[PDB]
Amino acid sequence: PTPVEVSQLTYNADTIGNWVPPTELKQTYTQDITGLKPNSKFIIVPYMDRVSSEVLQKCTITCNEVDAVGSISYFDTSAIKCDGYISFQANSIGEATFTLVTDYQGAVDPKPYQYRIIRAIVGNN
């Protein structure tokens, strides 16, 4: 494995996905993001391309991986929030686990909240 030289640093920011929506109005649950390069270091940020529910769908996310730092916030009604970030390292099999805490006023058919994963392509990252 030949490391990418520092002078050749670039960011890959095209890995996007969906957070699994809640089945209850108040829920705490986990989701495993899979298929990441094992042991690579990432920043995950929220983004939004999503019709507002207009029923106050609040979601907060943290990461369960060792040494992960930060928190992500979504809110879709009036005071829109698409905020925060988590720095984390994928585990030895290319997975990271997150904890979702949701508090939705209505949850008939919730549209997923959306994330983007950012990876510096440098060294063996």
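Don't overthink the numbering: it's just position in the shown sequence, from 1.
Participant: Please place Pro38 in the lowest, middle or highest third of its chain according to the CA B-factor in the PDB entry.
Facilitator: According to the entry, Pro38 has a C-alpha B-factor in the chain's middle third.
Participant: Could you look up the Cα B-factor of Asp76 in the entry and say which third of the chain it sits in: lowest, middle or highest?
Facilitator: For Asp76, whose C-alpha B-factor we compare with every modelled residue in the chain, the answer is the lowest third.
Participant: Taking the C-alpha B-factors as the PDB entry records them, is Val20 in the lowest, middle or highest third of its chain?
Facilitator: CA B-factor rank for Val20: highest third.
Participant: Select lowest, middle or highest to describe the third in which the CA B-factor of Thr102 falls within its chain in this entry.
Facilitator: CA B-factor rank for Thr102: middle third.
Participant: Give the position of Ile44 by CA B-factor within its chain, expressed as the lowest, middle or highest third.
Facilitator: Lowest third of the chain for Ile44's C-alpha B-factor.
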